[PDB]
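Before any comments, here is the structure.
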Amino acid sequence: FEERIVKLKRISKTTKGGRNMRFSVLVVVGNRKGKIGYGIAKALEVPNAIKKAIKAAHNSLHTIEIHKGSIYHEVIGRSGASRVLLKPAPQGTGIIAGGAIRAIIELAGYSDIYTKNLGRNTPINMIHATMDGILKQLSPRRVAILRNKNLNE
Amino acid sequence: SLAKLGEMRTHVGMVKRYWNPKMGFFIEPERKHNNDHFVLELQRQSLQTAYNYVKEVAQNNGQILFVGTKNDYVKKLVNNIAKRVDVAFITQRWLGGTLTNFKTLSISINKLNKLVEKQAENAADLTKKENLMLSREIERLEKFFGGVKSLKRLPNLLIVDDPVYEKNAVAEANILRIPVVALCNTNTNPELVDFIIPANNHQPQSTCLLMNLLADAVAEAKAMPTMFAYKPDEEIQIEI
Amino acid sequence: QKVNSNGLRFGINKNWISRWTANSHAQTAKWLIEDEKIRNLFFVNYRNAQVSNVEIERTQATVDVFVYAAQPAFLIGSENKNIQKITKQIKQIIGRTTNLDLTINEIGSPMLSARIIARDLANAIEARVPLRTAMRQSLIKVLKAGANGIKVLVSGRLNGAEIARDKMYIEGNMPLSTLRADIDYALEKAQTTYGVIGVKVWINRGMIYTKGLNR
Amino acid sequence: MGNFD
RNA sequence: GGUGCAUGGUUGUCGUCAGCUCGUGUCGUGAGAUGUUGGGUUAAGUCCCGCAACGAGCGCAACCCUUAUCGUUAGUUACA
RNA sequence: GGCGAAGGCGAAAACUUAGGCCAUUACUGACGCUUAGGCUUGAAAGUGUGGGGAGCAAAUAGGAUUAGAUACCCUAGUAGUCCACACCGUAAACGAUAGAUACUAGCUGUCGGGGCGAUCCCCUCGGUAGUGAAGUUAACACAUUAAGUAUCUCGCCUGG
RNA sequence: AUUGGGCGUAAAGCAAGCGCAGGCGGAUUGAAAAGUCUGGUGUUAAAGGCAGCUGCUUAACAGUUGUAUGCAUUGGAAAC
């Protein structure tokens, strides 16, 4: 599809004889329909690292049902003292988030939600926090099933 | 029908008070003699469920693999089952990257097949030292791969004889979406296992009977009649 | 400090580059620079020649000319313009008594000729083609035809001082403790406004086991 | 899913 | 006439020691471990039973040459 | 190993006594948590009055160490090192976990009481210890003596 | 950092205890009246915001209409 890149961490490993250069790359894959995956790749060349990370992300796909581009109830993504709060938005207002969070939101499929990261700003931590937030949502039919009445009131 | 009781004389007993509360659903009373005792109704229901699933996957007509690394009695037993039931088997330590990855060992199985066809063609096309070296290579390859040579695609179903010592295999199976049945000894994690068989497996006297029952359950796929679960004769047991 | 594999495998595993001999220390230097003259002329003066190797055999004012080029369309070509000019120039540069009588015959799809691979890498380099795509193209063109191990190195600038990117790439089979590992090699000096880039390529021509002879 | 057949 | 504090090329060095990587998969939010991580053997990562790992590349050894043994083609400008 | 609010408390006693723990089927009935202020002690050293200096040893000296020996060892030696009065209140005064009421996987070792009842174990009320789930914490790691989720009151943190 | 942080090793638990006020605190019956909600009169000026109109070529802006934040206040609503 499109697969924007979000982080290009220039890193290396220092051993005897100096620092072997091997940088890391962050990618996120999605169909804009619910399926989401993310991938980390360390390599000494860019394109092979991108391919490896894309494959890894494609090997960890998962879908989420949609509520007209918004989230119907507040969720906060707990991740290593770095939490992102998600507050419901009206029926269509446009995207509002930080760059990595943004690309995450429009690749997931959503188009309107209030986002705010709390704490640090390490990209993978916000990625995991957003994953926790979106995963911990349950549909209204879910709570309908857990209760005797299975229907919208 | 099924689920006979009288012959199954030894089905309980477990190591000294290492049970986990996750198996407490299967221990109703309290035991004072440092052991455990299951309930026959639950194990008959589990046996029926296991029979249902194995007959379903036999109607699937897929591929099955057995694994085993603990006491050699179980090893030789599953070898027998392998030569009673056409199935792959493993006689040594389970190898990682076997079910979570296929190419890594598919290439090795293809190399073993290449060696097999080379040996089929070669009768006097090699020197002395290299012939013995290649025979030893064949032996080393079949030490881990000899049983597992009939699989050309990711396996549909396996079983687990001991969830404790082969936790690597059950974890790799749980990583993938394909199921697996386990001879669940008490204190094991039930969340990893999808079909639970609550019977003794550390002792061989129960493991042999359970293995024979599952072999009979899977043997119907060949139009080859069952051996036990309908025969009044008692099973054999010899140890010293 | 490493040894040259190409020179390592000469004399025992391949036919000779120049296997003639005459009286020594009387004129040997003259003839051994005169053959290098045509060697350099085919290696530099015609970038489209794609000559695989050079073979000169001199014997008392009688010389045979062995010329193997992957691209014959610029030595004979149309209206025979190239042959007369180059032969007259070579006759001027070697003497007016000998006979040339060159022979041309193509080799079997030289995707194992390291020399033309170095030529193509240069044609990329003076074209300012980036290293990565050029080396991928060369690796594809050498490997997809069907052959054994290759390894390529480039030494020098990449449009910038303080060289930080000069790597080694090997993607095949190449032993070094076995003379029975016949291989082809090329070293070339590409020219850029920033300097000279040394490109080296080794392409394995397979293992020649159970031969035990030099022809 | 018990229904691969 | 310059500047190896731009370069190619070649060479010294640790050292003819023996280690350095990669592919696939895994644990870890990450660095990174992972193979290479324990023991038996020499010069060795030489090999092997292992061990969430299976393999591949370089490393040396083999075929390369010389010498110490004999069979044979040749007995000359050496034997006589 | 046990008590002690903390530090600490080990030869033998008698005395005045202090706080627990366990069944409390008895009694009273919200009197229970905290408590900035105010008070109770306070490891060691030191201070000012009496014993003593047996050993010890800050300081001082002498002898070797290296260009250097105010330190590294040996000889002695200065008060103090205890028992009584009045101080001084600082400790890495450490479980680096403020003080109480809940609940939550297990497993093992260990002290007291009750009945059981030779020691050996079966339970209960408790304290003292490791192991180790979910769960939590950045990680180390914590866990029935929470750093888990709760809640209450006093203090502290907003860069060296 | 109430809403929206912490105090084991990153800055941070007073070395502890006895401990006034001060904040809390098992359960019920009944009256309650300080909070909690329903009611309007006084306001809370107007302007300023918020929305709708009117006009200067629309806008700037000006005006118009209502819009609310707080205490009296008299009925009542009974769990905290």
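The way I read the labels, and the way they are meant: chains A, B, ... in the order of the structure tokens, residue 1 as the first residue of every chain, and ligand 1 as the first ligand shown, with later ones counted on from there.
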12 Å contacts from chain E to chain C using only C-alpha atoms (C1' of nucleotides), as a PyMOL selection string: chain E and resi 5-13+16+21-23+56-65
Near residue 126 in chain F, within 9 Å and counting only C-alpha atoms (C1' of nucleotides), which residues show up once chain neighbours fewer than 3 positions away are dropped, as a PDB file with C-alpha atoms (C1' of nucleotides), in the first residue's frame?
ATOM      1  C1'   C F  21       0.744 -13.360  72.142  1.00  0.00           C
ATOM      2  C1'   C F  22      -3.334 -17.256  72.328  1.00  0.00           C
ATOM      3  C1'   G F 112       4.606 -19.676  70.660  1.00  0.00           C
TER       4        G F 112
END
Counting only C-alpha atoms (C1' of nucleotides), which residue out of G:80, G:68, G:5, G:21 sits closest to residue 35 in chain G?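 Closest candidate: G:80.
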- Message: I want to know what sits within 12 Å of residue 43 in chain G, based on only C-alpha atoms (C1' of nucleotides), with residues of the same chain fewer than 5 positions away left out; could you give that as a ChimeraX atom specification?
- Response: /G:70-72
May I have the selected residues written with C-alpha atoms (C1' of nucleotides), as a PDB file, in the first residue's frame?
ATOM      1  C1'   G G  70     -23.454  34.823  43.037  1.00  0.00           C
ATOM      2  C1'   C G  71     -25.895  35.674  46.979  1.00  0.00           C
ATOM      3  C1'   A G  72     -31.049  36.563  49.632  1.00  0.00           C
TER       4        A G  72
END
